[PDB]
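The file my_file13.pdb contains PDB, C-alpha atoms:
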```pdb
ATOM      1  CA  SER A  22      -1.534 -19.951  -4.340  1.00  0.00           C
ATOM      2  CA  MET A  23      -0.449 -21.822  -1.337  1.00  0.00           C
ATOM      3  CA  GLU A  24      -4.111 -21.833  -0.134  1.00  0.00           C
ATOM      4  CA  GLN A  25      -5.185 -23.668  -3.402  1.00  0.00           C
ATOM      5  CA  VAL A  26      -2.434 -26.255  -2.853  1.00  0.00           C
ATOM      6  CA  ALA A  27      -3.513 -26.856   0.762  1.00  0.00           C
ATOM      7  CA  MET A  28      -7.155 -27.337  -0.360  1.00  0.00           C
ATOM      8  CA  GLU A  29      -5.832 -29.731  -3.021  1.00  0.00           C
ATOM      9  CA  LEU A  30      -3.948 -31.730  -0.395  1.00  0.00           C
ATOM     10  CA  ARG A  31      -7.198 -32.039   1.732  1.00  0.00           C
ATOM     11  CA  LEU A  32      -9.064 -33.249  -1.404  1.00  0.00           C
ATOM     12  CA  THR A  33      -6.308 -35.769  -2.065  1.00  0.00           C
ATOM     13  CA  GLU A  34      -6.442 -37.055   1.467  1.00  0.00           C
ATOM     14  CA  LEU A  35     -10.289 -37.277   1.337  1.00  0.00           C
ATOM     15  CA  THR A  36      -9.882 -39.234  -1.913  1.00  0.00           C
ATOM     16  CA  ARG A  37      -7.531 -41.678  -0.124  1.00  0.00           C
ATOM     17  CA  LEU A  38      -9.984 -42.219   2.722  1.00  0.00           C
ATOM     18  CA  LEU A  39     -12.960 -42.643   0.251  1.00  0.00           C
ATOM     19  CA  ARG A  40     -11.012 -45.190  -1.737  1.00  0.00           C
ATOM     20  CA  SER A  41     -10.587 -47.325   1.401  1.00  0.00           C
ATOM     21  CA  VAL A  42     -14.327 -46.792   2.282  1.00  0.00           C
ATOM     22  CA  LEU A  43     -15.288 -47.834  -1.268  1.00  0.00           C
ATOM     23  CA  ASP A  44     -13.202 -51.032  -0.998  1.00  0.00           C
ATOM     24  CA  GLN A  45     -14.771 -51.914   2.308  1.00  0.00           C
ATOM     25  CA  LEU A  46     -18.336 -51.360   0.952  1.00  0.00           C
ATOM     26  CA  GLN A  47     -17.761 -53.348  -2.144  1.00  0.00           C
ATOM     27  CA  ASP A  48     -16.562 -56.320  -0.011  1.00  0.00           C
ATOM     28  CA  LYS A  49     -20.032 -56.378   1.367  1.00  0.00           C
ATOM     29  CA  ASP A  50     -21.202 -57.304  -2.178  1.00  0.00           C
ATOM     30  CA  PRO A  51     -19.340 -60.575  -2.731  1.00  0.00           C
ATOM     31  CA  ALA A  52     -21.775 -61.601  -5.461  1.00  0.00           C
ATOM     32  CA  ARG A  53     -20.787 -58.479  -7.478  1.00  0.00           C
ATOM     33  CA  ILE A  54     -24.435 -57.555  -8.069  1.00  0.00           C
ATOM     34  CA  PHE A  55     -23.540 -53.832  -7.820  1.00  0.00           C
ATOM     35  CA  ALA A  56     -20.123 -53.894  -9.494  1.00  0.00           C
ATOM     36  CA  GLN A  57     -21.115 -52.543 -12.876  1.00  0.00           C
ATOM     37  CA  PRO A  58     -23.928 -50.414 -14.463  1.00  0.00           C
ATOM     38  CA  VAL A  59     -27.179 -52.162 -15.182  1.00  0.00           C
ATOM     39  CA  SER A  60     -26.842 -53.144 -18.898  1.00  0.00           C
ATOM     40  CA  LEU A  61     -29.250 -51.270 -21.246  1.00  0.00           C
ATOM     41  CA  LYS A  62     -28.747 -54.048 -23.796  1.00  0.00           C
ATOM     42  CA  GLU A  63     -30.131 -56.593 -21.215  1.00  0.00           C
ATOM     43  CA  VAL A  64     -32.670 -54.278 -19.414  1.00  0.00           C
ATOM     44  CA  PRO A  65     -33.676 -51.977 -22.261  1.00  0.00           C
ATOM     45  CA  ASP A  66     -36.505 -50.250 -20.290  1.00  0.00           C
ATOM     46  CA  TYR A  67     -34.236 -49.537 -17.208  1.00  0.00           C
ATOM     47  CA  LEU A  68     -34.108 -45.742 -17.665  1.00  0.00           C
ATOM     48  CA  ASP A  69     -37.939 -45.583 -17.784  1.00  0.00           C
ATOM     49  CA  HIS A  70     -37.795 -46.896 -14.187  1.00  0.00           C
ATOM     50  CA  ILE A  71     -34.608 -45.462 -12.669  1.00  0.00           C
ATOM     51  CA  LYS A  72     -33.650 -41.884 -13.377  1.00  0.00           C
ATOM     52  CA  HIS A  73     -30.193 -41.794 -11.826  1.00  0.00           C
ATOM     53  CA  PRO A  74     -28.433 -45.209 -12.213  1.00  0.00           C
ATOM     54  CA  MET A  75     -25.371 -45.883 -10.087  1.00  0.00           C
ATOM     55  CA  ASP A  76     -22.925 -48.702  -9.477  1.00  0.00           C
ATOM     56  CA  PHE A  77     -19.457 -49.245  -7.895  1.00  0.00           C
ATOM     57  CA  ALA A  78     -17.486 -48.865 -11.136  1.00  0.00           C
ATOM     58  CA  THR A  79     -19.110 -45.529 -11.895  1.00  0.00           C
ATOM     59  CA  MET A  80     -18.299 -44.363  -8.282  1.00  0.00           C
ATOM     60  CA  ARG A  81     -14.705 -45.525  -8.732  1.00  0.00           C
ATOM     61  CA  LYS A  82     -14.348 -43.452 -11.931  1.00  0.00           C
ATOM     62  CA  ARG A  83     -15.655 -40.383 -10.122  1.00  0.00           C
ATOM     63  CA  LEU A  84     -13.372 -40.994  -7.121  1.00  0.00           C
ATOM     64  CA  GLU A  85     -10.194 -41.281  -9.186  1.00  0.00           C
ATOM     65  CA  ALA A  86     -10.957 -38.006 -10.885  1.00  0.00           C
ATOM     66  CA  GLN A  87     -11.186 -36.556  -7.283  1.00  0.00           C
ATOM     67  CA  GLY A  88     -14.806 -35.929  -8.023  1.00  0.00           C
ATOM     68  CA  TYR A  89     -16.168 -36.279  -4.469  1.00  0.00           C
ATOM     69  CA  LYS A  90     -15.738 -32.955  -2.539  1.00  0.00           C
ATOM     70  CA  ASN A  91     -17.028 -34.377   0.747  1.00  0.00           C
ATOM     71  CA  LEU A  92     -18.402 -37.647   2.259  1.00  0.00           C
ATOM     72  CA  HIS A  93     -22.018 -36.481   1.781  1.00  0.00           C
ATOM     73  CA  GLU A  94     -21.575 -36.619  -2.025  1.00  0.00           C
ATOM     74  CA  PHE A  95     -20.074 -40.127  -1.851  1.00  0.00           C
ATOM     75  CA  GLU A  96     -22.839 -41.392   0.433  1.00  0.00           C
ATOM     76  CA  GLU A  97     -25.445 -39.989  -1.964  1.00  0.00           C
ATOM     77  CA  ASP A  98     -24.035 -42.185  -4.754  1.00  0.00           C
ATOM     78  CA  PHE A  99     -23.881 -45.258  -2.440  1.00  0.00           C
ATOM     79  CA  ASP A 100     -27.480 -44.719  -1.390  1.00  0.00           C
ATOM     80  CA  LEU A 101     -28.500 -44.526  -5.096  1.00  0.00           C
ATOM     81  CA  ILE A 102     -27.051 -48.020  -5.647  1.00  0.00           C
ATOM     82  CA  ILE A 103     -29.225 -49.431  -2.850  1.00  0.00           C
ATOM     83  CA  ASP A 104     -32.333 -47.353  -3.381  1.00  0.00           C
ATOM     84  CA  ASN A 105     -32.445 -47.959  -7.172  1.00  0.00           C
ATOM     85  CA  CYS A 106     -32.230 -51.715  -6.629  1.00  0.00           C
ATOM     86  CA  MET A 107     -34.952 -51.749  -3.981  1.00  0.00           C
ATOM     87  CA  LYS A 108     -37.340 -49.920  -6.312  1.00  0.00           C
ATOM     88  CA  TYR A 109     -36.630 -51.883  -9.586  1.00  0.00           C
ATOM     89  CA  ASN A 110     -36.548 -55.311  -7.982  1.00  0.00           C
ATOM     90  CA  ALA A 111     -39.220 -56.957  -5.872  1.00  0.00           C
ATOM     91  CA  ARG A 112     -38.722 -57.930  -2.232  1.00  0.00           C
ATOM     92  CA  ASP A 113     -38.490 -61.650  -2.974  1.00  0.00           C
ATOM     93  CA  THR A 114     -35.468 -61.380  -5.278  1.00  0.00           C
ATOM     94  CA  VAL A 115     -31.796 -62.092  -4.835  1.00  0.00           C
ATOM     95  CA  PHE A 116     -31.169 -58.486  -6.055  1.00  0.00           C
ATOM     96  CA  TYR A 117     -33.337 -56.727  -3.445  1.00  0.00           C
ATOM     97  CA  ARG A 118     -32.016 -58.964  -0.716  1.00  0.00           C
ATOM     98  CA  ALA A 119     -28.412 -58.225  -1.705  1.00  0.00           C
ATOM     99  CA  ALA A 120     -29.162 -54.485  -1.438  1.00  0.00           C
ATOM    100  CA  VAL A 121     -30.602 -54.847   2.063  1.00  0.00           C
ATOM    101  CA  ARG A 122     -27.485 -56.727   3.223  1.00  0.00           C
ATOM    102  CA  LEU A 123     -25.204 -54.104   1.602  1.00  0.00           C
ATOM    103  CA  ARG A 124     -27.128 -51.268   3.278  1.00  0.00           C
ATOM    104  CA  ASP A 125     -27.017 -52.926   6.685  1.00  0.00           C
ATOM    105  CA  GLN A 126     -23.381 -53.864   6.485  1.00  0.00           C
ATOM    106  CA  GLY A 127     -22.258 -50.642   4.856  1.00  0.00           C
ATOM    107  CA  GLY A 128     -23.979 -48.574   7.612  1.00  0.00           C
ATOM    108  CA  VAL A 129     -21.295 -49.735  10.086  1.00  0.00           C
ATOM    109  CA  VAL A 130     -18.427 -48.689   7.778  1.00  0.00           C
ATOM    110  CA  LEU A 131     -20.016 -45.307   6.991  1.00  0.00           C
ATOM    111  CA  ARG A 132     -20.691 -44.583  10.660  1.00  0.00           C
ATOM    112  CA  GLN A 133     -16.943 -44.566  11.398  1.00  0.00           C
ATOM    113  CA  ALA A 134     -15.978 -42.946   8.104  1.00  0.00           C
ATOM    114  CA  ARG A 135     -18.113 -39.966   9.167  1.00  0.00           C
ATOM    115  CA  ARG A 136     -16.176 -39.760  12.417  1.00  0.00           C
ATOM    116  CA  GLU A 137     -12.785 -40.030  10.505  1.00  0.00           C
ATOM    117  CA  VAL A 138     -13.691 -37.269   8.013  1.00  0.00           C
ATOM    118  CA  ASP A 139     -14.796 -34.941  10.882  1.00  0.00           C
ATOM    119  CA  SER A 140     -11.844 -35.992  13.100  1.00  0.00           C
ATOM    120  CA  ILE A 141      -9.019 -35.630  10.479  1.00  0.00           C
ATOM    121  CA  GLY A 142     -10.816 -32.524   9.080  1.00  0.00           C
TER     122      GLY A 142
END
```
Would you encode the structure as structure tokens?
Amino acid sequence: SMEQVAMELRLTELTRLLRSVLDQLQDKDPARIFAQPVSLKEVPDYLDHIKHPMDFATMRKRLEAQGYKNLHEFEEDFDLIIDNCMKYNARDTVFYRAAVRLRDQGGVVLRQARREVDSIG
């Protein structure tokens, strides 16, 4: 149907906007602490601690399969990255501190993304 195509075009355009959001967020992580999944070879007990692991590469895979239907879904995954880190790592660590800086900086980017997703529909 033409309606299915139109909905597909909207999803494609959302995907384009989320790809630019994802690039902007990841620049706020210059140390690449959140670039890849926590390694189960190097942190073998991780899944006893964190039930839903997340990282930027895993988000990128989902994005390129047009797997985010809306910005809420994408923000959920970004918040998992931060929240998982702040539970697993103590306050006095480079890891926790990197998450706080990513949260604070990413908040700005996400504030205007929400307006752009509403605005452009």
| task | Could you state which residues are captured by the PyMOL selection byres ((chain A and resi 33-48) around 9) in this file, as a ChimeraX atom specification? | result | /A:28-32,49-51,53,55-56,77,80-81,84-85,87-92,95,99,123,126-127,130-131,134,137-138
| query | Where does the PyMOL selection byres ((chain A and resi 120) around 9) land in this file, that is, which residues does it pick, as a ChimeraX atom specification? | reply | /A:50,54-55,102-104,106-107,115-119,121-125
With C-alpha atoms retained, could you export that selection as a tab-separated table (two decimals), keeping the file's coordinate frame?
```tsv
chain	number	residue	atom	x	y	z
A	50	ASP	CA	-21.20	-57.30	-2.18
A	54	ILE	CA	-24.44	-57.56	-8.07
A	55	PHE	CA	-23.54	-53.83	-7.82
A	102	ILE	CA	-27.05	-48.02	-5.65
A	103	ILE	CA	-29.22	-49.43	-2.85
A	104	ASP	CA	-32.33	-47.35	-3.38
A	106	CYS	CA	-32.23	-51.72	-6.63
A	107	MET	CA	-34.95	-51.75	-3.98
A	115	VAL	CA	-31.80	-62.09	-4.84
A	116	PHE	CA	-31.17	-58.49	-6.06
A	117	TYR	CA	-33.34	-56.73	-3.44
A	118	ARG	CA	-32.02	-58.96	-0.72
A	119	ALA	CA	-28.41	-58.22	-1.70
A	121	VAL	CA	-30.60	-54.85	2.06
A	122	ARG	CA	-27.48	-56.73	3.22
A	123	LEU	CA	-25.20	-54.10	1.60
A	124	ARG	CA	-27.13	-51.27	3.28
A	125	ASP	CA	-27.02	-52.93	6.68
```
What are the centre and edge lengths in Å, to one decimal, of the axis-aligned box around all listed atoms of segment 49-67 of chain A with 5 Å added on each side, as JSON?
```
{"center_x": -27.9, "center_y": -55.6, "center_z": -11.2, "size_x": 27.2, "size_y": 22.1, "size_z": 35.2}
```
| Quick one: distance from atom CA of residue 141 of chain A to atom CA of residue 25 of chain A in Å, one decimal? | 18.7 Å
| Pick from A:108, A:59, A:98, A:70: nearest to residue 83 of chain A, with all atoms listed in the file counted? |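 Comparing A:108, A:59, A:98, A:70 against residue 83 of chain A, the winner is A:98.
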| task | Report as a ChimeraX atom specification the full result of the PyMOL selection byres ((chain A and resi 71) around 10) when it is applied to this structure. | result | /A:66-70,72-75,101,104-106,108-109
| field | Distance in Å - atom CA of residue 86 of chain A versus atom CA of residue 26 of chain A | value |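 Computing it gives 16.6 Å between the two atoms.
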| query | Between atom CA of residue 96 of chain A and atom CA of residue 135 of chain A, what is the spacing in Å? | reply | 10.0 Å
